[PDB]
Amino acid sequence: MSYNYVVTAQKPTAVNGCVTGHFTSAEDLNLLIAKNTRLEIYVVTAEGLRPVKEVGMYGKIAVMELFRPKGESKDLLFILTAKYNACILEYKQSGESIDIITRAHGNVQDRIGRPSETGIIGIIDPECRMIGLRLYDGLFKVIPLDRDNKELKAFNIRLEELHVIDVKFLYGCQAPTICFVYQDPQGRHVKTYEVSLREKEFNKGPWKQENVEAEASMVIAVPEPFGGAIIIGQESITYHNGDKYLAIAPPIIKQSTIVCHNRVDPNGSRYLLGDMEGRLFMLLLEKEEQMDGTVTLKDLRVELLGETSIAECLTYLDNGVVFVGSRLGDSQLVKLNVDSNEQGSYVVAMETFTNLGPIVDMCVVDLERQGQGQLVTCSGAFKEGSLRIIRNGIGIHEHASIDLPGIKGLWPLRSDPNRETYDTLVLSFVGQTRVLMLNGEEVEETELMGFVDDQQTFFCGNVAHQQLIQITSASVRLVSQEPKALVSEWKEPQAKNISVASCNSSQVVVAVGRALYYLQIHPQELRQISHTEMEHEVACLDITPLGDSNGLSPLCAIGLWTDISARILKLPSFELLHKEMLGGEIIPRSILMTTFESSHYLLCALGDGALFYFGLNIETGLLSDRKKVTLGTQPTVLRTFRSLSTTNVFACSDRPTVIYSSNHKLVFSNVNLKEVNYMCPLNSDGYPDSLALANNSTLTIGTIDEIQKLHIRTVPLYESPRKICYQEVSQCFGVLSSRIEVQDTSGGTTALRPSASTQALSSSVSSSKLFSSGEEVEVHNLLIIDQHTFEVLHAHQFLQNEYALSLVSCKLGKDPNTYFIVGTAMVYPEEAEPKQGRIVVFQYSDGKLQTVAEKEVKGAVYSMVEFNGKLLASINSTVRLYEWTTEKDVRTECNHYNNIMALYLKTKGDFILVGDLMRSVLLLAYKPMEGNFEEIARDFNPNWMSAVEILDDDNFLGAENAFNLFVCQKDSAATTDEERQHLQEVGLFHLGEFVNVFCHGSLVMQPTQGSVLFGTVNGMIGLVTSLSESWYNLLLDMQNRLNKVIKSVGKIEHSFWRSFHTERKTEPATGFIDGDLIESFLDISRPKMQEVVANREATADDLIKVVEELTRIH
Amino acid sequence: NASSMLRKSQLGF
């Protein structure tokens, strides 16, 4: 009986794989990018990438290939999962609709098979006879491609060679032919085999087995005109074919390992090469013609081109554009030029995509002391290292603050016929109108001509022809720029109020009830035109001249009042088109139209807070996409703001919302604001690219942030951060960091670039003398980062080969100072394990960093929590609980030695602890008896842990080696010595990601319980919450129903995906829920949605509301 | 050192 719920807060951002070709059309260059369980499809263009289709899979993509067999119009996608789900994919556009379809699929794992050295490799033959896979040592699976094989049936074949490194099929071949470097005793070697599938053997390859280097790691297969194979090692490259052996040993690649590659020219005179350093090489093949004979080769060379992010993945695109898929760092788009710049880099970045990198540690700190957590992560590694501050919501910066309990609208106002700037803001009020002439940035309220002060103003537009408009209850008024007086004045024939105003800078439409007029502000006067009456009361109207008409506005839309409805119409005619008959007894408070790039739009707010949304047509006039959001609880006033190129839609609600643009779609992110009643663009000399915004009581003005549900700030560290601490009293962060340096010719270590440790504002080294008795060393530092500017205030450098492994920020004992404590370790290649290290207690003062105290230890301090004014610390399979003397020193109290190697710890308010490397978890208590630990219980499964957390007194969360989560609680049962000294694995789940860090906090706010966030190697940020048994049940049910309705993509069973799995155990998930899957609900059509209920009660739209209240947990 | 080891399983494969 364990009840937990997991959702994604940030989708993985690392790029594991990427591939190029014609998948969308046969004319079309596509970029395919694999995240983890996410597949991105782009179309390449002049600007770069046009986005097209982002889908998710129920597995971690491990192999991704594009290929084409005979009589096939365009390319097909091959995908293999880490749990051996295989599938073939076809890109299908039903005119306006997009589907990735599953042409074939099956699961290719074997019951036998020890998963190999160098993981899964999948390859495809140049002709497309087949697919070759290498999932296991000794074995080599083969899936023949045919019209059938719709379940991808495969035979295996025996491989003499047990330690294969890399494999591809050779171009220009009679029979199917693989080619591989394998390792045995005497070194590494290269080998070939035809594959005859008729008899499923191997047969014999066309070229003897030659040697290749000790570090041979990549096999490149050179396309037809050339044929053959390129092998890459450390410091060397080589080429093989027939009796042809060409080799180069360019000192320049010796520096670091090559690691990815990519064919540039289809013939393959040229290839791209990626280093672990970030360096980008070009590999060139000098061809050679002999008259009536096929092309040969003469020579090959290597040219350093520049520097990218650390490349996992490389793909030449159009014309000198190179996509650079990174996972240690941000992915990027790059230009290659014939001409170097200054520094001599042929590479120029064009675009940069943010990867939350490997998130290595993190924490939550309401920077701006708000109630919303911001999250701060250690990201990246080496030169890509960084901090990333992560903030939900679109925020704004408040310039003035005028307490005005009333404000019932507000439009712009330029006190001049030329400047874009408006030095006045007329604001409809509680039955009145006040005016605000500005001395620029100064607030001042005066009078104005033909604009009433004892009459509410329903409008203020910006009508051309040098005139200012004031629609009021009574009469659509007029004032001039030349005259500036009572230029004109419309009035309703019988003396009846305008109910609902609307217009632009050229058009006017009012309404009296169902009554519809139409007038125009023609040179210095208001001339009338059409008329019509309506079924019921007119609730709201919108007019604005769209794409193909300046000022004079085409068709229209309106909301009625009894039938609760909205409908489409025209201009002087008023002819009724298609419509929608929305439900309820609450009317549509708003309903305006707009566009952006390539679509016209209609949206309609109601008064219950909810909203219905639709796209339109300037010509025709048709329906669109019926769905129903929620935003506020209160009425919602739609508007439109000056941003960048795509000036957008703002929602005025008790929960202020912006509507931006997605793929070509529309965003729906929170605005980090109290509450907003009305709002408009603005621009005064005192308040430029502004946005006015009024609430319950008070005017305000400011700019806007990016958009994405989340903002991610930046902080390039240039080395790799490792741990992170917020010490609030000192308003800074402690961050452990590490830089690489190289031996000298003084032997001593130098550096490779300016880091944050070396560009620090000030600095220490460790002086302390506790110990006695080319090449690459790490140098470790404690950084002190300003929470406001994110500057390295101070840097302390540690001893030669001291690695700083743990960090805290606490007060100890009676002592009222707050310290920074760093647990360390001495480290050497020779040694298995360290056997000495120290704990150092530190204080940051005004601008100083004082080594307050040291303490030697006899191993690695892997972790340390602060306990109860005491300091508790894991030290090489030996837990210790220190105490702070009054004399200011760390002195032992007790130990626990029952650990293989204690990696993680956490503390439950009381006297409880937990942790371990290859066991699972233990719990302990402290006993204010003899100040000892009593070992309360453990878990006897072989979990290679990676992170650990206490959800609460009894629920312990754990992540591990194999991308699985699990939960433990102590048995509540009789015979309380054996059954008590065990705790059962009550929760199981396969995440699909690897968790470096848990921790308490949330990104939201000022049903569920708690909130634990995690960060993963991949960029993904998840969140774990707790449930009521009832809520669990509803959701488990609804999970199972939801799976019937949704078609996965390889056809993959969702439940097969989610199943606890190790290379030695496989159980289905219990006590865990993906909101990820739950949330899917909403993007399902009401029909398919209907089904999910056949059946305290049974409903249909309750559940929609229930998923809603959830999507807002993050 | 399993420490090389942690950092590595830590930054991924």
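On to the overall build of chain A. Counting its regular elements, chain A contains six helices and 79 strands. Its C-alpha radius of gyration of 34 Å places chain A within 12% of the 32 Å reference for a compact globule of 1114 residues. With respect to the three principal axes, the spread of C-alpha positions in chain A is 105 × 90 × 70 Å. Buried positions account for 55% of the 1114 residues belonging to chain A. If you sum the accessible surface of chain A, you get close to 49500 Å²; carbon and sulfur atoms cover 49% of it. If you average the places of the 101 positive and of the 141 negative side-chain charges in chain A, the two averages end up 3 Å apart.

Attention now goes to the packing of aromatic side chains. Given two aromatic rings, their pairing is described by the distance between the two centres and the angle made by the two planes. Residue and element names in this part refer to chain A. Tallying each qualifying case throughout the model produces 24 aromatic pairs over all chains. Where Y193 meets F202, the ring centres are 4.1 Å apart and the plane angle is 15 degrees; that geometry is what we call stacked. With respect to class, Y193 is no different from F202; both count as buried. Aromatic side chains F641 and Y660 sit 6.1 Å apart centroid to centroid with 85 degrees between the ring planes, which places their arrangement in the edge-to-face category. Residue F641 is located in the loop between β46 (637-640) and β47 (649-652), and its partner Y660 is located in the loop between β48 (657-659) and β49 (669-670); the two are separated by 19 residues in the primary sequence. With respect to burial, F641 and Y660 carry one shared label: buried.

What follows is about the sheet that holds strand β69 (residues 922-927) of chain A. All names here are of chain A. Taken together, three strands build an open sheet; the order of strands is β68-β69-β70 and the sheet is antiparallel. One side of each edge strand has no neighbouring strand; the edge strands of this open sheet are β68 (912-914) and β70 (932-938). Here the strands of the sheet are splayed against their neighbours by 30 degrees on average, with no regard to which way each runs. Summarising the sheet, β68 and β69 pair through three bridges and their orientation is antiparallel. Within β69, the position partnered with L913 by the bridge is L924.

Moving on to the interface of chain B and chain A. With 10 residues of chain B at the contact, the number on the chain A side is 25 residues. For the pair chain B and chain A, the summed buried area comes to about 1100 Å², and 56% of that belongs to carbon and sulfur atoms. Looking at the side of chain B facing chain A, the largest losses of area belong to B:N1, B:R7 and B:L11, adding up to 58% of the total buried there. Along the contact surface separating chain B from chain A lie one salt bridge. In this structure, B:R7 engages A:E778 in a salt bridge whose closest nitrogen and oxygen atoms are separated by 3.4 Å. Residues belonging to the side of chain B that touches chain A are distributed by class as follows: four nonpolar, five polar and one charged.

All names here are of chain A. With respect to topology, four strands assemble into an open sheet ordered β39-β40-β41-β42, the strand pairing being antiparallel. Both edges of this open sheet fall to β39 (538-542) and β42 (579-580), since each of them pairs with a single strand only. Note: strand β40 (residues 556-560) against strand β41 (residues 566-569), four bridges, orientation antiparallel. Opposite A557, over in β41, you have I568 as the bridge partner.

Turning our eyes to something else, we now look at the side chain of A:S269. All names here are of chain A. With respect to the element layout, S269 can be found in the loop between β21 (258-263) and β22 (270-275). We classify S269 as buried; its relative accessible area is 14%. Separated by 3.5 Å, the side chains of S269 and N267 make a polar contact. Not counting the four nearest positions on each side in its chain, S269 is found in contact with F226, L283, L284, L285 and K287.

What follows is about the domain arrangement of chain A. All names here are of chain A. Segmentation of chain A into domains returns domain 1 (1-13 + 356-393 + 710-1027), domain 2 (14-355), domain 3 (394-709) and domain 4 (1028-1114). Centre-to-centre, using C-alpha coordinates, domain 2 lies 37 Å away from domain 4. At the junction of the two partners, domain 2 supplies 17 residues and domain 4 supplies 13 residues. The junction of domain 2 with domain 4 conceals about 1300 Å² of combined surface from both sides, 67% of it contributed by carbon and sulfur atoms. Counting the contacts that link domain 2 with domain 4 gives zero salt bridges. Joining domain 2 to domain 4, the criterion identifies four residue pairs in polar contact. Counting only elements with at least two residues in the side of domain 2 that touches domain 4, the list comes to β8 (85-94) and β9 (97-107). With four residues, β9 is the largest single contributor of residues to the side of domain 2 that touches domain 4. Its residues assigned to classes, the side of domain 2 that touches domain 4 shows six nonpolar, nine polar and two charged.

We now examine the state of the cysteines. Residue and element names in this part refer to chain A. Tallied over the entire structure, the rule returns one disulfide over all chains. Across the disulfide from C18 sits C313; the S-S distance is 2.0 Å. Residue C18 is located in strand β2 (residues 17-21), and its partner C313 is located in strand β25 (residues 313-316); the two are separated by 295 residues in the primary sequence. Comparing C18 with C313, the two get one shared label, buried. The thiol of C173 is not disulfide-bonded; the next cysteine sulfur, from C179, is found 9.4 Å away. Note on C260: no disulfide assigned, nearest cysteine sulfur contributed by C313 at a separation of 7.6 Å.

About the thresholds
- Residues numbered from 1 in each chain as written, not as in the entry; some residues may be left out.
- Chains lettered and ligands numbered in written order.
- Heavy atoms only, no water.
- Helix = DSSP H or I, 4+ residues; strand = E, 2+ residues; numbered from the N terminus.
- Rg over C-alpha atoms; globule rule 2.2 N^0.38 Å.
- Buried < 20%, exposed > 50% of the residue type's maximum accessible area, 1.4 Å probe, protein only.
- Areas by Shrake-Rupley, 256 points an atom, 1.4 Å probe, with all protein chains shown as cover.
- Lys, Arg positive; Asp, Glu negative; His and termini not counted.
- Charge placed at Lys NZ, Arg CZ, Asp CG, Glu CD.
- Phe/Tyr/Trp six-rings, centres within 6.5 Å; stacked < 30°, edge-to-face > 60°.
- Pairing = 2+ DSSP bridges.
- Axes fitted to C-alpha atoms, helices over the stretch in contact; angles between N-to-C directions.
- Contact = heavy atoms within 4.5 Å.
- Buried area = accessible area lost by both parts, 1.4 Å probe.
- Salt bridge = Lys/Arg side-chain N within 4 Å of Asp/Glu carboxyl O.
- Nonpolar A, V, L, I, M, F, W, Y, C, P; charged D, E, K, R; others polar.
- Polar contact = N/O pair within 3.5 Å; in protein donor to acceptor, adjacent residues only side chain to side chain.
- Domains from an automatic or database assignment.
- Disulfide = S-S within 2.5 Å.

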